[PDB]
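A short worksheet on the structure shown next.
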Amino acid sequence: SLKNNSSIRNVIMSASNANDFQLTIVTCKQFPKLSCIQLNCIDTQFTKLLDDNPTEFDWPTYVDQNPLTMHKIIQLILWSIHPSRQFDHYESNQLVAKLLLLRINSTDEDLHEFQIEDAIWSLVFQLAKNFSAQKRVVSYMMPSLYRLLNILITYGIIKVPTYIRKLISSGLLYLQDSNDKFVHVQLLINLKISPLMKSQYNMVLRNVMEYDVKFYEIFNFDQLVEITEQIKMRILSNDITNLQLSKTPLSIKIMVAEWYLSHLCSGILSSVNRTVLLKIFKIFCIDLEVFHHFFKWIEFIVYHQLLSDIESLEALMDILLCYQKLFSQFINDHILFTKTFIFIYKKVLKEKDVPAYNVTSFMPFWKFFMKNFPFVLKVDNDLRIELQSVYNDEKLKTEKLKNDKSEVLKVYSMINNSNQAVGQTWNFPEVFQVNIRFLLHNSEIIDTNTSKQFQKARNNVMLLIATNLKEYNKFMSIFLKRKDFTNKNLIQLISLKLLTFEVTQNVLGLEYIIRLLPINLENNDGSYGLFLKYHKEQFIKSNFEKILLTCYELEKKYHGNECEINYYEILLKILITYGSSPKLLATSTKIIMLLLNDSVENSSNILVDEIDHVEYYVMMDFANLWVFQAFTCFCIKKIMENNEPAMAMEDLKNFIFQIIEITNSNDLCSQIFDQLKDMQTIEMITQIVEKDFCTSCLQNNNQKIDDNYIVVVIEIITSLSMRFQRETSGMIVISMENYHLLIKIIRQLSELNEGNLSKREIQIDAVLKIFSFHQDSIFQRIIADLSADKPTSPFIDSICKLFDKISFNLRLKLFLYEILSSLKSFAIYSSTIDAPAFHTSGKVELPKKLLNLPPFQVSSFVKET
């Protein structure tokens, strides 16, 4: 409510980001300016995945501001962090679209988005390295928005008309204007019948000095032929090459996917094994047909079932899908489909029948679904019991021998005794030799070996652990080979518990270019799990700094890991803790420059000696990815506060805070910065944050003190002050502390000044009232004032009481809200006095005057109006 005035001011507005002069030297990238912060909203988005975020946002009417802001967040920071981010954004937009009551502020939103996309092109301009990365990354975000936007709320004709109007402006040659139109026109994914007349005509107009030139449509036909020929027979290498060739044009790939999807659906024979992984993986390369893959999977589900071993592997894909799985909305059918597979299986030779990956998915569905149905519940209950029963019967060795014998196919070599002792070595050796090459004539043997290894592990957990430990000690297996092994059967936890320093670096990043079973979840889970292990490894890794391999990799990994890791609330504290340590750890000015590296990496993310103010400006550039900025601010604040002199802290703390706030000079950004500085300070120390608030209160009082004398720039000053003061108050409330700094002289002076002139009160009433209300919001100051009256001799008048009375008299018709606040304060004061008078009564006699002024019934209520 502190920033209520600011919201009204916002109109159709746009955002342009300009690099700072200091930033240009360090090649820093500016973050597009935002009308509103909704930082809490930004924080929510990071932890939104695998939770029911959509129903809850509905509660807050942030569609006018947050939805536009949400698009920016989706575009800006997730490569692997938010796989379902564009889809999630579409869902958010879709929800808003569904909840439509008026034509106004609905259809236009799309127009505004188009304008924003156009704005991204403007930012790139000509020959700007910093601008290009932002614009280029912005161009990719715009392409994703165009795919999502086109499907639910976009017009092919309206977009074309806007582009035509735009060229007109660019009659005089402009380097920036020509490229953007061509780039956007190039992959708008328009319907073929509609697009040919319009797209070709547009190209003809821009044909001069254009590389694509004429016959853009023909290129689409040629691309479709190339995609189709490779797809029908073999051409696995060719398919990969086709994407590389077709990287330039997104639209051609989209057309090809539809043709591919139809062919897959038509074939009566069910897809199985490697082909399914290859079919989806190849399709995965083309970004546009995300839905098509899901539809194909469902149809496979709809169609006769494939091999059982493949089905287990297939679920892996579903697990990777995560939040994106929800978009398909085939969950009711899927449960039925899952049950159908359980019903369908008959001729399965695997005794173990492990369902842990499947059991985990079912558990996620129960937690995620939050609903009860007849078909779903019975199937889930039935699935848990069979796995439990096999484990209990797992100890018996006849079932183990029988399962082992079938894969082995030899009756005599049961190997029942010491199966782990010999089979594991064989499993370890047989699997290792052919997995890397992946040229085995028979697909059946590797699977059989894997099944045998799994069975042994299930049979004796302790024995399996011992065997795993033994393999590590021997160290006869290459690290590259080991990574492949970990993906399919070896446990990451065992690798994690005991590993070589060189091995640990290898363990963190795995290459999936070659076709293989998806291992996206285990790696994702470890990263999500902790911040101490990674930081510790980097620190230990950083110190050696040798051989230009592990050390080089570690620096890259740490920077990459922070960017990759989502700014979760739990994660942010860890991130702040690590960032603070990094900043705090450096003992030299040159290292200070190194942090510069982090900001550049964050604003890039592509696979003389100055002093404090430049750093403050760098902190100021930020839009949403504020964990790093917050940590830096907190460290700086802590250093300034800890000057070891009481006098020194006031001189420096006040100056630093004012400069940082003055430099920001904004609303949402300023609020975020104050909160971040406040949040970081509060997080590090509850008392230090309280100390900052007292300093802030003193700073606020000084600003408030000027108010009587200055009489100027109320709007700019109040917005920064209320927001900072409000944040401090929130922190204090959170800190469960009612303690406040004492500045009796300033509040009284302000009240007297306001009371004396009616006209003065009328001018800038909202700013004055909000400030006074914040000051009296806390009951700590009020209780102290009451004590003095009891303490003071005789019947001497109270200045504060007089000021309050004057305000009550004076505050008539200033604002509807102002009156309410005044009434509330008066009511609260009487209650406080009553609370104070709980012992024997100290006589005041000013209560009657106060009581008469505030009433909830009859004439008095009207009197307030």
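Note on naming: chains are A, B, ... as they come in the structure tokens, residues start from 1 per chain, ligands start from 1 in the order shown.
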*May I have the residues within 10 Å of stretch 668-680 of chain A as a ChimeraX atom specification, using only C-alpha atoms and disregarding those fewer than 4 positions away in the same chain?*
/A:3,6,33-40,573,576-577,580,619-624,626-627,629-638,657,660-664,684-686,688-690,692-693,719-728,730-731
Near stretch 395-402 of chain A, 12 Å: stretch 423-454 of chain A residue rows, closest pairs, only C-alpha atoms, as JSON lines:
```
{"residue": "A:451", "atom": "CA", "partner": "A:400", "partner_atom": "CA", "distance": 11.4}
{"residue": "A:452", "atom": "CA", "partner": "A:400", "partner_atom": "CA", "distance": 9.3}
{"residue": "A:453", "atom": "CA", "partner": "A:400", "partner_atom": "CA", "distance": 11.3}
{"residue": "A:454", "atom": "CA", "partner": "A:400", "partner_atom": "CA", "distance": 10.9}
```
So that I have them on file, write out the residues from the current selection with N, CA and C atoms, as a CSV table (one decimal), in the first residue's frame.
```csv
chain,number,residue,atom,x,y,z
A,451,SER,N,19.8,-56.5,-16.3
A,451,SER,CA,18.8,-57.1,-15.5
A,451,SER,C,19.4,-58.0,-14.4
A,452,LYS,N,20.4,-58.7,-14.8
A,452,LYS,CA,21.1,-59.6,-13.8
A,452,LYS,C,21.8,-58.8,-12.7
A,453,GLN,N,22.4,-57.7,-13.1
A,453,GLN,CA,23.1,-56.8,-12.1
A,453,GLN,C,22.1,-56.2,-11.1
A,454,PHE,N,20.9,-55.8,-11.7
A,454,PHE,CA,19.9,-55.2,-10.9
A,454,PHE,C,19.4,-56.2,-9.9
```
*So how many Å separate atom CA of residue A:247 and atom CA of residue A:437, to one decimal?*
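Spanning atom CA of residue A:247 to atom CA of residue A:437 is a straight-line distance of 28.7 Å.
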*Pick out the residues sitting within 12 Å of stretch 223-230 of chain A, and hand them over as number ranges by chain; count only C-alpha atoms, and ignore anything fewer than 4 positions along from it in its own chain.*
A: 216-219, 234-263, 282-283, 286
_Within 12 Å of residue A:789 using only C-alpha atoms, minus same-chain residues under 5 positions, as a ChimeraX atom specification_ = /A:782-784,794-801,833,836,842-846
